[PDB]
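Note sheet for the following structure.
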């Protein structure tokens with residue numbers, strides 16, 4: 262809520278204060294790594310706001326890595342697969358998702374979730390990116 | 198009956214405060242009477 | 001700009017037995042309220058000074107009752123839909139009998155070894171469980187594993203809640219929900243039950259609330275100052303709880329459980345508990361659920398009597414006396430106010446000036469003035497009186513709540529203080545002009580001229596003309612008379628070039644030789660008086676500001 266208050270200051274402010282791609286990444290990251298309570302609805306609404314701002318804001322490698330991490334944690338696997346496909350086209354890619362093994366290693370969780378659900382064809386494509 | 202309605206009307210919108218200069222909305226309401246404009 | 005961020009939150013949560021103890025340390038163990046002989050608080054009673062404090099901390103210090111047997115919280119069992127029944131996926135009927143009827147639940151736990159093929163709720167008693175099994179394993183060895191094969195009371199429910207695998211609940215509910223989807235008033239109802247159960251399980255996982263806290267092991271006790291009904295309910299719970307620990321039965325557990333239900337939320341079982349005077353006991357759930386007109390006053394002012402003003406402004410009068418050394422200290426300043434020393438009223442006028450008060461657009465702010473008499477005097481366009501103390505409150509009263517920056521109503525933007533009643537008739541009579549036509553002349557016709584409006588008004592004061600007698604007024608401004616947009620009734624055109632245009636309400640003299648344009652208005656002193664009053668009001672305010 263601390264980061265989201267700053268985001269609202271920017272989203273409903275003047276033109277020079279409008280959020281950029283980095284601004285969305287910080288607010289998304291705040292909800293993905295929240296200590297308590299379910300935050301998947303907050304992330305999905307922020308994603309919708311970012312998509313509505315497409316004429317001015319476009320994603321980068323961090324945006325997809327955070328979204329893969331969030332949807333994997335809440336076991337929204339089919340959405341994590343969509344954003345992992347977009348993450349493949351960015352150089353570096355899976356290393357950003359790995360986060361050097363921090364935050365419960367989001368790269369491994371994505372692989373584990375694919376194995377647990379029998380999405381093997383997606384699992385092999387994930388290894389190709391790695 | 199008027200007081201009970203007033204209490205419910207205030208309750209449902211008690212939190213509404215003018216907090217921004219411009220929300221930056223794009224949509225508007227189309228109108229095709243003078244007092245409503 | 002950057003918002004001035006302010007992050008404050010409050011949360012409610014179910015309370016652990018450990019937190020209940022941490023509140024008190035403090036155990037109330039006796040049903041005594043006050044001693045009969047010494048009239049002192051009984052030791053270790055509901056008013057014990059070692060538990061709650063000497064006779098301000100008694101308003102905030104909690105105690106607790108150590109229940110010999112756990113009891114379910116009546117909020118989470120009986121208020122439909124039941125939370126405990128939904129979380130355990132058992133009907134409230136089969137779960138209420140485990141609390142208030144003589145039933146027993148087999149296999150309450152699943153995380154420890156068991157060796158009997160019993161399961162479910164047994165309305166009767168197991169015959170072999172009464173003699174054969176306790177004899178075979180001996181009573182001392184039987185008590186160790188007794189409350190693992192079949193249990194009874196609210197304690198059995200707490201074991202089920204504590205042993206729940208909340209992650210298993212989510213997966214079982216989801217697969218059952220989808221199975222019903224592939225396949234009419236029961237399927238829809240069962241689907242809603244499963245969604246609530248998996249929603250309930252998820253919240254426990256991501257919070258620090260334990261579902262077993264829905265069964266109370268300790269009973270927090272309200273501070274004594276908040277219970278100077292509730293005391294009798296507390297004694298009733300203590301009395302039966304002390305009786306139960308002396309026996310150590322199931323019938324006594326029901327008495328303890330029922331008493332706690334009455335204390336927490338009565339009127340949830342049917343006929344509520346009633347005392348000897350036929351009064352239903354109130355639980356904690358019930359607990360939580383002259384003016385006189387003054388026409389000469391200004392719009393922003395009001396009149397206060399001395400008797401009312403001196404009480405409202407007593408703190409300021411005392412400070413004024415001390416500041417100007419008319420009183421040595423606080424004690425002396427009170428005596429002069431008590432004795433009506435005339436210097437008090439001089440100070441009262443000083444401190445009242447510039448200090449607005451709130452009168453309860462139902463509540464407004466006025467500048468008070470001292471008036472003679474005993475009544476509050478209000479202006480005709482308008495009992496609690498509030499005196500703002502802080503400078504922040506005094507600024508708001510003067511700058512936001514005064515009766516001149518709120519002249520428009522927020523509903524549609526209409527003015528609020530429009531003259532009414534006697535004010536309105538006075539203007540109507542004043543501006544009702546001259547009689548016309550057959551009301552002015554008995555016969556078909558087949578007036579004074581005034582150089583300026585002050586001469587016309589002066590002639591009226593000398594009783595030379597009446598208020599509604601017609602007159603001609605020499606007009607030396609532009610043609611600003613509201614009238615019917617009509618052409619002249621008659622034009623009198625002299626052969627030397629001057630022509631007179633006679634309208635219904637004014638005469639205009641023009642010429643084809645000169646640029647002259649003379650205007651004479653047919654009016655009354657009433658219309659002149661109304662125009663002058665507004666014009667002089669505008670001119671007077673401009674000169675004064």
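Protein chains in written order, with PDB author numbering: chain F, 262 to 391; chain E, 198 to 229, 242 to 246; chain D, 1 to 25, 35 to 64, 98 to 225, 234 to 278, 291 to 310, 321 to 361, 383 to 453, 461 to 482, 495 to 558, 578 to 676. Just so you know, even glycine gets a beta-carbon here, dropped at the ideal spot from N, CA and C.
Does any residue of chain F bring its CB to less than 8 Å from the CB of residue i?
| i | result |
| --- | --- |
| residue 256 (chain D) | yes |
| residue 221 (chain E) | yes |
| residue 217 (chain E) | yes |
| residue 207 (chain D) | no |
| residue 52 (chain D) | no |
| residue 337 (chain D) | no |
| residue 2 (chain D) | yes |
| residue 106 (chain D) | no |
| residue 220 (chain D) | no |
| residue 433 (chain D) | no |
| residue 5 (chain D) | yes |
Check the C-beta distance from residue i over to residue j and give it rounded, since I have them as a contact under 8 Å.
| i | j | result |
| --- | --- | --- |
| residue 206 (chain D) | residue 129 (chain D) | 7 Å |
| residue 436 (chain D) | residue 410 (chain D) | With a Cβ gap of about 10 Å, residue 436 (chain D) and residue 410 (chain D) do not count as contacting. |
| residue 106 (chain D) | residue 36 (chain D) | 6 Å |
| residue 300 (chain F) | residue 364 (chain F) | About 14 Å separates the two Cβ atoms, so there is no contact after all. |
| residue 614 (chain D) | residue 636 (chain D) | 5 Å |
| residue 444 (chain D) | residue 514 (chain D) | No, residue 444 (chain D) and residue 514 (chain D) are not in contact; Cβ-Cβ is about 19 Å, not under 8 Å. |
| residue 262 (chain D) | residue 341 (chain D) | Actually they are not in contact, since the Cβ atoms of residue 262 (chain D) and residue 341 (chain D) sit about 23 Å apart, beyond 8 Å. |
| residue 367 (chain F) | residue 322 (chain F) | Contact doesn't hold; Cβ gap of about 14 Å is too wide. |
| residue 620 (chain D) | residue 633 (chain D) | 5 Å |
Hey, how far is the Cα of residue i from the Cα of residue j?
| i | j | result |
| --- | --- | --- |
| residue 659 (chain D) | residue 584 (chain D) | 7 Å |
| residue 675 (chain D) | residue 669 (chain D) | 10 Å |
| residue 210 (chain D) | residue 139 (chain D) | 26 Å |
| residue 15 (chain D) | residue 302 (chain F) | 28 Å |
| residue 602 (chain D) | residue 624 (chain D) | 23 Å |
| residue 48 (chain D) | residue 423 (chain D) | 38 Å |
| residue 589 (chain D) | residue 653 (chain D) | 17 Å |
| residue 354 (chain F) | residue 385 (chain F) | 16 Å |
| residue 661 (chain D) | residue 415 (chain D) | 52 Å |
| residue 339 (chain D) | residue 270 (chain D) | 21 Å |
| residue 393 (chain D) | residue 665 (chain D) | 20 Å |
| residue 464 (chain D) | residue 265 (chain F) | 39 Å |
| residue 312 (chain F) | residue 160 (chain D) | 58 Å |
When you compare each of the options to residue i by their alpha carbons, which one comes out closest?
| i | options | result |
| --- | --- | --- |
| residue 195 (chain D) | D:235, D:472, D:528, D:147 | D:147 |
| residue 120 (chain D) | D:133, D:216, D:14 | D:133 |
| residue 388 (chain D) | D:224, D:535, D:216 | D:535 |
| residue 292 (chain D) | D:662, D:586, D:347, D:213 | D:347 |
| residue 477 (chain D) | D:466, D:609, D:499 | D:466 |
| residue 114 (chain D) | D:137, D:64, D:353, D:61 | D:137 |
| residue 110 (chain D) | D:11, D:507, D:304 | D:304 |
| residue 314 (chain F) | F:350, F:322, F:284 | F:284 |
| residue 220 (chain E) | F:273, F:308, F:277 | F:273 |
| residue 20 (chain D) | D:247, D:342, D:277, D:104 | D:104 |
| residue 404 (chain D) | D:470, D:340, D:332 | D:470 |
| residue 499 (chain D) | D:510, D:427, D:108 | D:510 |
| residue 308 (chain F) | F:297, F:331, F:296, F:298 | F:331 |
| residue 604 (chain D) | D:539, D:587, D:505 | D:587 |
| residue 189 (chain D) | D:221, D:149, D:475 | D:149 |
| residue 297 (chain D) | D:453, D:322, D:331 | D:331 |
| residue 389 (chain F) | F:362, F:346, F:373 | F:346 |
| residue 627 (chain D) | D:616, D:617, D:612, D:644 | D:644 |
Tell me, please, which residues DSSP counts as bridged to residue i.
| i | result |
| --- | --- |
| residue 642 (chain D) | D:629 |
| residue 193 (chain D) | D:147 |
| residue 498 (chain D) | D:451 |
| residue 465 (chain D) | D:451, D:514 |
| residue 654 (chain D) | D:602 |
| residue 271 (chain D) | D:105 |
| residue 265 (chain D) | D:114 |
| residue 337 (chain F) | Answer is none; residue 337 (chain F) lacks a bridge partner. |
| residue 622 (chain D) | D:632 |
| residue 163 (chain D) | D:147 |
| residue 17 (chain D) | According to DSSP, residue 17 (chain D) bridges with nothing at all. |
So is residue i in contact with chain D if we call contact Cβ pairs under 8 Å?
| i | result |
| --- | --- |
| residue 298 (chain F) | yes |
| residue 266 (chain F) | yes |
| residue 263 (chain F) | yes |
| residue 270 (chain F) | yes |
Could you check whether the Cβ of residue i sits closer than 8 Å to any Cβ belonging to chain E?
| i | result |
| --- | --- |
| residue 273 (chain F) | yes |
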